[PDB]
Each structure stands twice: as structure tokens, then as C-alpha cells.
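Peer 1: Build me a model:
(6 chains)
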Amino acid sequence: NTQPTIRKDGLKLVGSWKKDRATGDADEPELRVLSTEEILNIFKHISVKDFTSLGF
Amino acid sequence: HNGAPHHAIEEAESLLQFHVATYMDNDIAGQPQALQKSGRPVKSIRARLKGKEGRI
Amino acid sequence: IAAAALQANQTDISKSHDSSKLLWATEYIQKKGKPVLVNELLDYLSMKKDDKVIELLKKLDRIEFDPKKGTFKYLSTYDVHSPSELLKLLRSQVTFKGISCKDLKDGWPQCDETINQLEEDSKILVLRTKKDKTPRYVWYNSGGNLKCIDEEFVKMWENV
Amino acid sequence: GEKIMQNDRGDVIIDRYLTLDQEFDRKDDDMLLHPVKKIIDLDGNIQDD
Amino acid sequence: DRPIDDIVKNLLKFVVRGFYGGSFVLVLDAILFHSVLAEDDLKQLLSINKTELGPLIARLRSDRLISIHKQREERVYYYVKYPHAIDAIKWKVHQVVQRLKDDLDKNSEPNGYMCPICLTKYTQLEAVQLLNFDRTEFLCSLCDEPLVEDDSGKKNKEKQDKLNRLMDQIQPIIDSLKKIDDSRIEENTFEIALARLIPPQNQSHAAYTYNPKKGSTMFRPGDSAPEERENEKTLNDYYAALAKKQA
Amino acid sequence: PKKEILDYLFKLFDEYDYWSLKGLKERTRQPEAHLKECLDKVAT
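Peer 2: Numbers count the residues shown, from 1 in each chain, chains lettered A, B, ... in the order given. Sure, structure below:
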């Protein structure tokens, strides 16, 4: 999969997946406000040794 | 829980997150101020614990 | 003297509109519960010849000529006057559109009582108001009883 | 004799008949089913034990 | 198609008819009778409003039964996610079973006590540590009230019977679950329901088609799958002979 | 005045097929509930 480029703004977080995988250049960034729920889920999906690497 | 037309949800949760953010801190980047009655802004915990006789 | 006043106020059959004449004729047909002959029309509208009005009345789907005798009969919305026919219609339904009680009362005035007892039989999917159990659009009970599980078990289910 | 692919868009008007052809295939297979001679019945052979 | 899918649909009908409102029964029966539907078509068919529609749709989202689809042509469609739906049903029935079984196990225990002055319950052990010097009765710590025994011992057989008859009522769902576990499930998609589109209307506003996007990587949950009669005959031949003559 | 306003309505929509209720009301000056139950019985 591809990752966005997160822009910090206000009290929330927006994404922008340029992703460069159209038939062309894919100049469509998904300006999508990332849900706290999905951040919570994906944070639940991290490894323990990843915590230790990140300093948790 | 009742009829959610999906255009009050966003600002309702934004207000909820805003207010819990305010209660946590009111010394944030100056887009809100979030004062109560009267014109004295509500002091949050960071204001309660900051330097010069705030609890430490 | 009231009859004389009514006779003086009786508008002649030469109305301003043949549509108005035919509307009054459809009132006369609907207010009669029997297939009325063409002589009843000749009684009501005081003219004898076949008209464009009479031809359009024959062309009306709700007004059916009798080729056997001439008894013009009103044709209702639904030719269902028994719950067996009602259930057959419901089973013969092709979409989930409900059916009002008013046009069912048309043709079958004793349909609301039948609807109520069918709902008490749980054989239908009636829509009733919240002010009172006023039946509305109905659907065929494709599944079992609506009153299936007891109130306490449904209550503890809602607790679930 | 072509494997279907979602990369192919097909024709929508003709490809509406896809499930109709599928249930035709099911009905035709149902018709094509018939009992088999035990002299050559591999199903009986695999149902030996 | 497969009769197990039909069993699934009838299972849904039975489940809603036994556990949910008539409006839920009507909504789910209509959307199973049909396919993915727009909201205004539902308003047309049932002559309903958004006010009535809201709580029902919200509850169906809450039980993870019907996945809601939105697309621009924005047009909103609805389809029953089969594996998430059956897994939610399995989780709920498992939770109900464990809940009532532990209720019966707890109701087999001694009932306990309470002090009605403070309206606080007391366990059998809490009664043991709160006895009097007489070794006969038990006095409250705060209200100093003689402990009165809880009333659940007769309720043990009542909860057992409620469990039994509730299992009897839920048994067709158990059998359908068994047959489902016998079967193998294919996950529903919006375009899968498009392949089985059942149009109610010939005047529907919505274009019930899927229009995909290129250059997009948008990922979201809820979409994850990791004699006389001889004479005319001769006279007919007479005409044909004359007709071929001029030709 | 049921029959008179009935024929009068027929000329009125003949004058203009998109005849509004407000245009209907000024062309009648009648009891409005009586006016409204007459209109829907024949047309819009």
C-alpha cells in the first residue's frame, strides 16, 4: 500500500496520497481527514518490538 | 443514535474533541481561546501548573 | 316550498362544460350501488342521442358498458372483496409497494375489519399510525408470526 | 476460452447477461446429470473404502 | 442460487421478526426482496421519511448487518455484508449464551444479603464477616441494620427455564448456523449485489452502476477482504404460373 | 356555489394551465377550505 503525507492542521489530521500509480502520474491526493478510530486501530496493530524501537 | 444526517456529526465530534482539548490545555496555538463567563478565560491544567506559583 | 326552491335552483343539463356534465354523471353512477342501464343516464342527463360524452364514458375504464344489456357499472380500483383474494393479491405482488385502505374500501368497504383481523391473525404486514392503529399500506407476511418471542425475552434481548 | 479479468471492462449491456448465463449453466448441468454404469464408475471406485 | 444463501435470508427474516421491530422487519425484507437501493426509492416504496429512517438505519449499522455504500453519479446504497453480519450474529448469540449461562451459574450460588437502609447488597461472605457476637445474625457496618437475605433461590429454576425456552426459540438460528458452517461463505460486495440487482422501480433516480476510479488508493473499513379446397390451391398455382411468365 | 365555481375553474385553467393557488384565491374570493377541496377533485 501507499502512505499519505500528513498535514497537521487545527485539531485534526488530513492525508494526501499522491501514490503515483494511475495510468498517468496519479495527481490525486486523497485529502481525507484521518479518523481517530482508524488511528486507534492501526496503533493497536503495532508490534511489541516496534514499541521498543519507537521507545514505548 | 437517532437520525444522523452526517453533517452534524463532524462538527459535533470536533466540538467534543475541542472541548476536551481545552480542558486539558488552554495555552494552545492561537486559533481558539474558549473562555467561559465572564471574560476571564477558563484556566486549564497547564495554566494551573505553569511557572510562577502554579503548583510547582 | 323547499322542493319549489330546489326546482328553481336546479341547473339545466346544458352545463358550461361537458366535463362537468360527465362529472355529475360519474357522481350519479358512483352513488348507485348497481350496474345502471343507459336509460338511467337518459333519466339523469335529459338527452337521448349517443354523445361524445357518452362515448368518452364508454371509453372510461372505471365505467364499464354491458354489451349484454347496457348496464353501465362502475369499476373500482381493486376487484378484491374477500381475504382469500386479498392474500392471493399479496402473494401475487411483484414489488414491496404498500396499498392504501381507501381504494381498497373502494369496491370492498368491509376491508378494514378484514385487515384488522388478518393482522390479529398475523397474516399480513400492515402499517398503522402512532396516534392509533390506523391501517395504511400493507404487505404480505412473507415470514412467520410478528409476535414471535415473548415480551420479557425481547426485553432482555434489548438489554443485550 | 478466455479467462475473465476485472482489468477488462467488457460491454455492460452484454455483460448484464452474465448471471443469466450462469444460471443457464447451472440448469444445463442439472440436465446433464445422469446415473453412471458401475463397470466404469470412478465414484464407486473411490467409494470402495 | 445456492439454497444456503436462501437459508441465510430466511434466517435474517426470522432473527429480525423475533428480536427487532416491525419497521426493521419491513426494511430488511424489502432490501432482501430487492438489492442495493437508493434512499429516495425507499421513501417512494414505503412512503417514509428521513426522520423515521434514521434510527432504523443507525441500528442496522450498529449491529454491522447492512453495509452502507455511497457513490457519485452522491447516491447512497445499502447491502448486507454476509461474513461480518454472520460473525456479528455469532458474537451476539455467543455473548447471550455465555451471559445467561453465567447468570444461571451465579443464580445457583447462595443469594446473599442486603441492607435496605442504604439499599446496598451483601454477599454471603460479607454476611459472614458482619455477624453479631451472638453468632446468629449479621449487622450492617454503616446502618447497623440486621442483614436480610437476598431473594434469588426460587429464581434459579426460573432463569434455568428461561434459558431452556430461549434456547428452544433460538434453535432454528443454531441449525442455520450449523448449515452455514457446513457451507463456505462468499463475501458480499456492492457490485456483487449489483450483479443480483432487483429493480423495484422503472422510474428510479439512481443509476445502480459501479463507477471505479483510477489514480486512487482510498482504503476504508467495511470493505476489506484480505374437391373445392383443392381448387384454390391450383388457382394459387395458376397465379404463380402467370407471375413467373412475366418474370 | 359548488357548480358555478366548478365551471368557473374550467375557464380559469383554460386561461392558464399553471394557475397558482394565490391566483386562484384572488379569482374566487370564497371560503378557502371550500376552495381547496374543489380544486384537487378535478386537477392541480
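
Peer 1: tell me what the host helix or strand of residue E:15 is packed against?
Peer 2: Applying DSSP states H and E as the criterion places residue E:15 in helix E:3-19. Packing partners of helix E:3-19 (3 or more CB pairs under 8 Å, 6 or more residues apart in numbering or on different chains; DSSP states H and E): helix C:151-159, helix E:22-33, helix E:82-108, helix E:155-182. Every C-beta, even on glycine, is put in place using the N, C-alpha and C of the backbone.

Peer 1: Hey, what's the angle from that helix to helix C:151-159? Just curious.
Peer 2: 110 degrees (axes from the mean of the first three to the mean of the last three CA atoms, to 10 degrees).

Peer 1: What are the buried residues along helix E:3-19?
Peer 2: Buried residues in helix E:3-19, counted by 16 or more other CB atoms under 10 Å in any protein chain shown: E:4-5, E:7-8, E:10-19.

Peer 1: any idea which residue sits dead centre in chain F?
Peer 2: For chain F, the residue whose C-alpha lies nearest the mean C-alpha position (CA atoms, centre = their mean) is residue F:9; its distance is 4.5 Å.

Peer 1: Just to be sure, that residue is in a helix?
Peer 2: Yes: counting by DSSP: H, G, I helix; E, B strand; the rest coil, one finds residue F:9 located in a helix.

Peer 1: Go ahead and confirm it touches residue F:38.
Peer 2: Yes: between residue F:9 and residue F:38 a contact is recorded at 6.9 Å, counting by CB atoms under 8 Å.

Peer 1: In terms of distance to residue C:93, which of the buried residues of helix E:3-19 ranks first?
Peer 2: residue E:13 (16.2 Å; CB to CB).

Peer 1: residue contacts, that closest one?
Peer 2: C:142, C:143, E:25, E:28, E:29, E:32 (CB atoms under 8 Å, 6 or more residues apart in numbering or on different chains).

Peer 1: Could you rerun that using 7 Å?
Peer 2: C:142, C:143, E:29 (CB atoms under 7 Å, 6 or more residues apart in numbering or on different chains).

Peer 1: From chain F, how far out is it?
Peer 2: As for residue E:13, its distance to chain F is 40 Å (criterion: CB to the nearest CB, to the nearest Å).

Peer 1: Repeat that for residue E:206.
Peer 2: Residue E:206 is 27 Å from chain F, by CB to the nearest CB.

Peer 1: what do you get for residue A:32?
Peer 2: From residue A:32 to chain F the distance is 46 Å (CB to the nearest CB).

Peer 1: How about residue E:159?
Peer 2: In terms of CB to the nearest CB, residue E:159 sits 60 Å off from chain F.

Peer 1: Residue E:107 is in contact with that residue, correct?
Peer 2: Yes: counting by CB atoms under 7 Å, residue E:159 does reach residue E:107; the two are 5.1 Å apart.

Peer 1: For chain F, what's its nearest residue on chain A.
Peer 2: As assessed by CB to the nearest CB, chain F sits closest to residue A:31 within chain A, at 45.0 Å.

Peer 1: Next, count neighbours for that residue.
Peer 2: Close neighbours of residue A:31, defined as other CB atoms under 10 Å in any protein chain shown, add up to 11.

Peer 1: again with residue C:49
Peer 2: Neighbour count for residue C:49, taken as other CB under 10 Å: 6.

Peer 1: quick one: it is in a strand?
Peer 2: No: assigned with three-state DSSP, residue C:49 falls outside any strand and is coil.

Peer 1: Just want the phi and psi numbers for it.
Peer 2: Note on residue C:49: its backbone torsions stand at phi -80, psi 160 [degrees, to the nearest 10].

Peer 1: In contact with it, which residues?
Peer 2: Applying CB under 7 Å, 6+ apart, no residues contact residue C:49.

Peer 1: And for residue E:186?
Peer 2: No contacts exist for residue E:186 under CB under 7 Å, 6+ apart.

Peer 1: Using the three-state scheme, assign it.
Peer 2: Using three-state DSSP, the structure places residue E:186 in coil.

Peer 1: Name all residues that make contact with the most centrally placed residue in chain C.
Peer 2: Centroid check for chain C by CA atoms, centre = their mean gives residue C:106 as the closest residue, at 1.4 Å. Counting by CB under 7 Å, 6+ apart, residue C:106 touches C:76, C:77.

Peer 1: Equivalent analysis for the one 3 residues further on, please.
Peer 2: The contact partners of residue C:109, by CB under 7 Å, 6+ apart, come to none.

Peer 1: Repeat that for residue E:80.
Peer 2: Residue E:80 sits in contact with E:65, E:66, E:188, where contact means CB under 7 Å, 6+ apart.

Peer 1: Now do the last one against chain F, distance only.
Peer 2: This points to residue E:188. Taking CB to the nearest CB as the measure, residue E:188 falls 43 Å from chain F.

Peer 1: okay but that residue is in contact with residue E:84, surely?
Peer 2: No: in this structure residue E:188 lies outside contact range of residue E:84 using CB under 7 Å: 8.8 Å.

Peer 1: remind me, longest helix of chain A?
Peer 2: Using DSSP state H to define each element, chain A has its longest helix at helix A:36-44.

Peer 1: Next secondary structure element downstream of that one?
Peer 2: Counting by DSSP H and E, what follows helix A:36-44 is helix A:48-54.

Peer 1: Dump the helices and strands packed on helix E:3-19 to CSV, plus mean neighbour count and distance to chain A.
Peer 2: Formatted as CSV, the helices and strands packed on helix E:3-19 follow (neighbours: other CB atoms under 10 Å in any protein chain shown; distance: least, CB to the nearest CB, whole Å):
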stretch, mean neighbour count, distance to chain A
helix C:151-159, 12, 26
helix E:22-33, 20, 25
helix E:82-108, 15, 15
helix E:155-182, 14, 27
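
Peer 1: Distance to residue D:14 added to the ones you listed, as JSON lines?
Peer 2: Below are the helices and strands packed on helix E:3-19 laid out as JSON lines (distance: least, CB to CB, whole Å):
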{"stretch": "helix C:151-159", "distance to residue D:14": "48"}
{"stretch": "helix E:22-33", "distance to residue D:14": "27"}
{"stretch": "helix E:82-108", "distance to residue D:14": "28"}
{"stretch": "helix E:155-182", "distance to residue D:14": "35"}
